Every structure is written in C-alpha cells, then in structure tokens.
There are 2 protein chains.
Amino acid sequence: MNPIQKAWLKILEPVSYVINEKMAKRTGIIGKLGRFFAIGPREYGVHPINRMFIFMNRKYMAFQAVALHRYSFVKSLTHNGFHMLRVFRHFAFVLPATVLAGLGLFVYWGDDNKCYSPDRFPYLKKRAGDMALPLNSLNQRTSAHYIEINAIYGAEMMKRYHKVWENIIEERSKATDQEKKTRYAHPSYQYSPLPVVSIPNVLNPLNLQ
Amino acid sequence: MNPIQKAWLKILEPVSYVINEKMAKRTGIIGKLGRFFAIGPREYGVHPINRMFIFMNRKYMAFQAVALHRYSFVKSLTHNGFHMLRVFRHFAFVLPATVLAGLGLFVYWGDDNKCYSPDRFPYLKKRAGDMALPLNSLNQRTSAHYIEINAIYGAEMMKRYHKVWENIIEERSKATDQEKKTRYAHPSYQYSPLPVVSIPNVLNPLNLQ
Ligand SMILES: CCCCCCCCCCCCCCCCCC(=O)OC[C@H](COP(=O)([O-])OCC(O)COP(=O)([O-])OC[C@@H](COC(=O)CCCCCCCCCCCCCCCCC)OC(=O)CCCCCCCCCCCCCCCCC)OC(=O)CCCCCCCCCCCCCCCCC
Ligand SMILES: CCCCCCCCCCCCCCCCCC(=O)OC[C@H](COP(=O)([O-])OCC(O)COP(=O)([O-])OC[C@@H](COC(=O)CCCCCCCCCCCCCCCCC)OC(=O)CCCCCCCCCCCCCCCCC)OC(=O)CCCCCCCCCCCCCCCCC
Ligand SMILES: COC1=C(OC)C(=O)C(C/C=C(\C)CC/C=C(\C)CC/C=C(\C)CC/C=C(\C)CC/C=C(\C)CC/C=C(/C)CC/C=C(\C)CCC=C(C)C)=C(C)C1=O
C-alpha cells in the first residue's frame, strides 16, 4: 500500500460500491464480472522497479563507503602518522575520484550529452528520418545566411512590387487599345483593331487589397 | 409540511449542514447569521391561498347541493307523486340551471373571452399602448390586402429591376463619353469633352452580388 493507492480508493469509492456491493454478489455473468474487477488492495501489487532501485542503491552505496574510506596520501608523507613505508600511497585517491565521477554517469550518457550534437554527424541522420547519409554531409551545405536573408529580402521587395504593380495597371488603364498593343510589341507586327467588347478591369479577382 | 418542502430539503441537504452545524454555532456574527437563515420546519409556513380555496370550495359546494337537490317539475305534472298543487313548479330548474351556468364563470370572464376581441374597439387601445383613440378607429382602415400584396409586389419587381439594371450598366459601359453625356441630355446643352481620368466601373462598392 502507498498514498497513491489510497487516493484511487477515495476516487473509486462509488465505483467500489457498485461493483462490490451490487454486482460482485449477483449470480451469472454479472457476478463473474464484478468478482473479477473487484476493487480493493492489490494482489501482487508490489513494484519490482522500485524494489530494484532499493537493492542496487544499497549495494552500490556499500561500495562507495569502501572506496571513499581510505587513508590519506598526504598524511603518509611525513612518516609520523600510521604510515612509514607506503609504496602505493599514490593510489589512495583513485577509487574516490572514480566514485565521484560516477555522479556524472547519467548526466553524460551517450554522444549527445557530451557535446553540441547539431555539430556532429549522427544528428543529421536523425533529422533525415534515421536515414544513412554520406559522411561528408556536414560540409556540403548552403549558407544559412542566404536562406534566411533571402526570405526576408524577397518579401520586402514584393511589398514594393505591389505598389509599382498598381501604378502600372493604373497608367495602362488610361491607355488606348492602340498603345497597349503596339508598345512593347514586336516590330514586325501590324496593328489591326479588334471589335470593342466589355471586359472589366479588376485588379484582384478575389475581393482582396 | 408538503412534498415540495421535502424536495427542497434533499436539494438543500448539504447547505443545511453548512449553516446549521458550522455557521449557526461558530461564534459572534457568523452565529447570528446562521441562526437567522436556519433550515427546518417553516415557522408560519401555512399558505392562506390554499386555505382560502378550501374554505370557498366547501361553502360554495354546500350551496350547489341545495340548489341542485330539487323536486322535479316533470313529476309534479301527473298529480300522482307527492305533488298535487305546486303553483311554483316552473321555478324548480332555475337554481340548477343557475349553478350549471357557474361552470363558465371563469371560462367567460371579461369581454375578450366572450367574443373575437380583435373585432372590438378595446383591442385597438391595447395595441396602441393603452392609449385613447376615437371611437371610429375600427372603420378608418387601409386594406390589409394592399399592405401585404404590395410588400410582395415590390420585391418581385425589384428582382426584375436588378437584372434590367445590370443590362443597362453593361450597355452604357460600352458607350463613348460623348454618347453618355448627350443622350437623355437637355437640347440646349453643347457637349464639351472633359479630360480623361481613371474612374473604375464598379457595380456594387460592397463586394456583393
Ligand atoms: C574566497 C574563497 C575563500 C578561500 C579561503 C577559505 C579556506 C577554507 C579552507 C577549506 C579547506 C579546503 C580543503 C583543503 C585544505 C584542507 C586543510 C588540510 O590540512 O587538508 C588535509 C586533508 C586531510 O586528509 P583526509 O581528510 O584524510 O582526506 C583528504 C582526501 O579525502 C584524500 O586525501 P589524499 O591525500 O589521499 O588525496 C591525494 C590527492 C589530493 O587531490 C589532489 O590534490 C589532486 C592533485 C592533482 C594535481 C597534483 C599536482 C602534482 C604536482 C604538479 C607540479 C606542477 C604544478 C603546476 C600546475 C599547473 C596547472 C596548469 O592527490 C593525489 O592524488 C596524490 C597523487 C597524485 C599523482 C602524483 C603524480 C606525480 C607524478 C606526476 C609526473 C607527471 C609530470 C612529469 C613532468 C616532469 C617534468 C619536469 O587532506 C587534504 O589535503 C584534502 C584535500 C582534498 C581536496 C579538497 C578540495 C575541497 C574543495 C575545495 C575547492 C578546490 C580547491 C582545491 C584546488 C586544488 C588545485 C586543483
Ligand atoms: C341518439 C343518441 C343515442 C341515444 C340513445 C340512448 C338513450 C338513453 C337516454 C338516457 C337518458 C336520456 C335523458 C332524458 C330521458 C329522461 C327520461 C326520464 O324519465 O327522466 C325523468 C326526469 C326525472 O326527474 P328528476 O330526476 O327528479 O330531475 C330531472 C332534472 O334534473 C330536473 O327536472 P325538472 O322537471 O325540474 O326540469 C324542468 C325543465 C327540464 O329542462 C328541459 O327539458 C328544458 C325544456 C325546454 C323546452 C320546454 C318546452 C316548452 C313547451 C313548448 C311547446 C312547443 C315545443 C316546440 C319545440 C320547437 C323547437 C324549436 O323544464 C323546465 O324548466 C320547465 C319550465 C319551462 C319554462 C317555463 C316557461 C314555459 C313556456 C315558455 C313559452 C315561451 C313561448 C313564447 C312565444 C310563443 C309564441 C307561439 O326528469 C327529466 O325530465 C330529466 C331531464 C334531464 C335533462 C335532459 C336534457 C339534457 C340537456 C340536453 C341538451 C339539449 C338537447 C335537448 C333539447 C330539447 C329541445 C330544447
Ligand atoms: C365545479 O363546481 C364548482 C366548485 O366545486 C364545488 C367550486 O369550488 C367553485 C368555486 C371556485 C373557487 C373557490 C376557485 C376560485 C379560483 C379563482 C377565483 C382563481 C384562483 C387563482 C389563483 C389561485 C392564482 C393562480 C395564479 C397563477 C396560476 C399565475 C402563476 C402561474 C402559476 C402559479 C402556475 C404555473 C402555470 C403552469 C401552466 C404550470 C402548471 C404547474 C403545475 C401543474 C405543477 C403542479 C405541481 C404540483 C406539486 C401539483 C365553483 C365556481 C364551481 O363551479
């Protein structure tokens, strides 16, 4: 039992009443269904994962005490405390340093947690859908400056083209059929008027600005 | 106590617990406020209207029994049962008929329930905001046929004017400035061309159909 199981019971108090008091004691399939989904304390409700941590925590911690509980290398240098000849005194702080580094075991796990991964090749294979790429893919690249600067450049110039596009359509509206068919036309073209028909001059077919 | 009061209790059951148990006895003002809005049997909760009906129902019913319990006028005609000389036998069924007519006392109460009120003058005052009108207002009236037939006529003719209006704007768009300024113009008008300017030909400024 734990607090989280007790919270479920308070929430499932009415459900426990329906299934246990009414259904569980009925005959037929309604009873088999209630006795099967009966609410209470858990049969085999232990959590092996939580129990696994407790075991490995206690076993690894006893190792820490042995590795960390060492006689000092510094105190053995004066030959006045407990150590005259210690030819392996320079190994005293190897296991302690090794245990202290274990604090970073999970903080630094895998390649991405030891470097800036976007600058490494594996990151690319992940962004391509876990797809194999040539090893020189990090070099054959287009400038990120161009892609973002050109996207702004193109849009800023379209705003200025929209204004110019309006003045041209306006000035062309005040032009005769003769001019709008001879200006910018091929020299070999002989103009021949067309029958006048009604064709509106709508800038944007959709009612947009 | 009645069922409607009991229904309030089941709905106010939790509210009663908060006022009568917690607020009604906490201390100071919260007590005076909870003891004032206490929940329980209604003090002076009787309904005089209910009793007023019960009393008048009983008194009027005792009158119905007397008025309806009369010796028959038909049986007294033969001079063979219980009645030889009854000079007021023709009054036997006056009170019975008068009581049976009482069943329409409330069904026919006021002028509106005895006739078709919209054909009566008082109805006009109610629709005019309870305002005095001349007695001959029911005669000075415009035909309801015209009001409703003209409302439909005007709309059916506008749908046909919209189509005619489009064909005219189209035929005029293909017209020269000289034609659209001299046709339908006054005879004494001398046409003088104006400088050409860009003025769109938009049917509806609002983007409607
Ligand atoms: C604003 C700030 C306010 C400041 C003021 C506040 C003051 C507060 C004071 C608080 C107290 C601070 C704690 C220290 C003083 C305590 C007083 C005392 O008496 O201590 C007794 C105390 C008592 O011992 P203990 O309690 O029984 O156990 C202590 C330890 O648990 C275990 O003890 P141990 O003795 O067993 O551990 C030994 C270990 C201790 O750990 C270390 O110190 C690491 C040492 C690694 C570096 C060693 C350098 C060796 C010589 C290099 C020479 C060149 C230098 C150039 C450097 C250039 C740099 C680029 O060192 C070793 O590993 C020894 C062997 C090392 C290998 C030797 C290899 C030699 C040959 C190499 C040849 C290769 C080159 C050849 C080229 C030739 C060309 C000519 O012992 C200590 O000294 C404790 C020190 C442990 C570290 C504590 C650090 C706490 C965190 C403080 C912040 C970090 C500061 C330290 C930075 C050091 C530089 C990186
Ligand atoms: C087809 C469907 C399927 C049917 C098949 C199933 C058949 C099963 C039937 C089951 C039961 C049927 C019920 C009837 C059978 C009763 C048999 C029996 O033994 O009962 C004895 C039964 C025993 O007495 P009781 O149980 O002690 O009490 C009985 C009553 O509670 C109270 O008794 P009461 O005696 O005290 O009531 C008296 C009352 C009874 O109420 C009435 O019957 C109303 C009477 C109105 C007609 C009066 C006729 C006057 C004579 C005029 C002569 C000409 C006639 C021309 C007619 C032309 C028409 C355009 O009559 C009066 O008020 C007498 C006073 C008359 C007014 C005074 C002035 C009279 C002279 C006025 C002259 C004016 C002339 C001026 C100008 C002249 C110029 C030439 O007495 C009855 O007679 C029971 C009558 C129950 C009421 C029946 C009528 C119900 C209303 C139905 C709606 C109207 C439809 C009929 C209209 C008729 C024409 C207006
Ligand atoms: C048949 O023989 C006869 C008698 O029997 C002997 C008589 O007693 C009598 C005497 C008659 C009387 C003493 C009764 C007189 C009654 C009169 C004058 C009118 C009474 C008027 C009132 C009591 C006020 C009522 C006010 C309203 C209805 C306005 C607000 C609306 C209300 C309250 C109801 C809401 C309206 C609805 C349509 C919803 C209806 C709701 C329900 C049915 C819910 C019912 C709930 C329950 C729990 C039963 C006669 C004349 C008679 O002929």
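Residues numbered from 1 in each chain as written, not as in the entry; some residues may be left out. Chains lettered and ligands numbered in written order. Part of a larger assembly, values for the part shown. Heavy atoms only, no water.

Determination of this PDB entry was carried out by cryo-EM to a resolution of 3.1 Å, according to the record.

Residue and element names in this part refer to chain A. Surveying the vicinity of ligand 1 reveals the residues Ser 72, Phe 73, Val 74, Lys 75, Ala 92 and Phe 93. At 3.1 Å, a side-chain N or O of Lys 75 approaches an oxygen atom of ligand 1. Considering ligand 1 on its own, with 2,200 Å² of exposed area, one finds that the protein chains cover 14% of that surface. For the shell around ligand 1, the per-class residue count stands at four nonpolar, one polar and one charged. (Near = heavy atom within 4 Å. Polar contact = N/O pair within 3.5 Å; in protein donor to acceptor, adjacent residues only side chain to side chain. Areas by Shrake-Rupley, 256 points an atom, 1.4 Å probe, with all protein chains shown as cover. Nonpolar A, V, L, I, M, F, W, Y, C, P; charged D, E, K, R; others polar.)

Attention now goes to the pattern of salt bridges. Residue and element names in this part refer to chain A. Under the definition given, this model contains seven salt bridges over all chains. Residues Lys 159 and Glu 156 are paired through a salt bridge, measuring 3.1 Å at the closest nitrogen-oxygen approach. Residue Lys 159 and its partner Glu 156 are located together in helix α7 (residues 144–173), separated by three residues, close to a single helical turn. A salt bridge links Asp 177 to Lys 181, with the nearest nitrogen and oxygen atoms 3.9 Å apart. Pair noted here: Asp 177 and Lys 181 are both in helix α8 (residues 177–182), with a separation of four residues, about one helical turn. We classify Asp 177 as partly exposed; its relative accessible area is 31%. Given the relative accessible area of 30%, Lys 181 is considered partly exposed. Sharing partners across several salt bridges, the network here consists of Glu 156, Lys 159 and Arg 160. (Salt bridge = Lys/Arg side-chain N within 4 Å of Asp/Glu carboxyl O. Helix = DSSP H or I, 4+ residues; strand = E, 2+ residues; numbered from the N terminus. Buried < 20%, exposed > 50% of the residue type's maximum accessible area, 1.4 Å probe, protein only.)

Another aspect to go through is the site of ligand 3. All names here are of chain B. Close to ligand 3 lie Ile 4, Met 56, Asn 57, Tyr 60, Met 61, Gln 64, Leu 103 and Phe 106, which account for all nearby residues. Contact between ligand 3 and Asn 57: an oxygen atom at 2.9 Å from a side-chain N or O atom of the residue. The separation between an oxygen atom of ligand 3 and a polar side-chain atom of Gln 64 is 3.0 Å. Coverage of ligand 3 by the protein amounts to 29% of the 1,300 Å² it exposes when considered alone. The greatest single-element share of the shell around ligand 3, amounting to five residues, is contributed by helix α4 (residues 48–68). Residues of the shell around ligand 3, tallied by class, amount to six nonpolar, two polar and no charged.

Per the UniProt record, "transmembrane region" (unreviewed entry) is found at residues 91–110 of chain A. End-to-end, the C-alpha atoms of residues 91–110 of chain A are 29 Å apart, and along that stretch the chain is 40% helix and 0% strand. (UniProt positions renumbered as here; feature names shortened; annotations may be inferred.)

Our next topic: the relation of the copies chain B and chain A. Take chain B, turn it by 180°, move it 0.0 Å along the axis, and it overlays chain A with an RMSD of 0.2 Å. Interpreted geometrically, this transformation is the action of a two-fold axis. For chain B, the residue whose C-alpha comes nearest the rotation axis is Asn 207 of chain B, separated from it by 3.4 Å. Of the residues that chain B buries at the interface, 75% are likewise interface residues in chain A, meaning the two copies contact each other through the same surface. (Least-squares fit on C-alpha atoms. Contact = heavy atoms within 4.5 Å.)

Attention now goes to the UniProt feature "binding site: ubiquinone-8" (unreviewed entry) in chain A. Residues and elements named next belong to chain A. With numbering matched to this structure, UniProt assigns "binding site: ubiquinone-8" (unreviewed entry) to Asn 57 and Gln 64. Looking at where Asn 57 falls in the secondary structure, it is placed in helix α4 (residues 48–68). Checked against the element boundaries, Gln 64 lands in helix α4. For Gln 64, a relative accessible area of 21% translates into the label partly exposed.

This next bit is on the side chain of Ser 137 of chain A. One can find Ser 137 of chain A in the loop between α6 (121–127) and α7. Every residue in contact with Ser 137 of chain A, bar those within four places of it in the chain, is listed here: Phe 121 and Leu 124 of chain A.

Each partner contributes to the interface: chain B provides four residues, whereas chain A provides four residues. Summed over both sides, the interface of chain B with chain A buries roughly 420 Å², with 63% coming from carbon and sulfur. Sorting the residues of chain B by area buried against chain A places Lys 174, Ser 198 and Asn 207 of chain B first, and these three jointly supply 77% of that buried surface. Between chain B and chain A we count zero salt bridges in total. Linking chain B with chain A are zero residue pairs in polar contact, by the criterion used here. Counted by class, the side of chain B that touches chain A contains no nonpolar, three polar and one charged residues. (Buried area = accessible area lost by both parts, 1.4 Å probe.)

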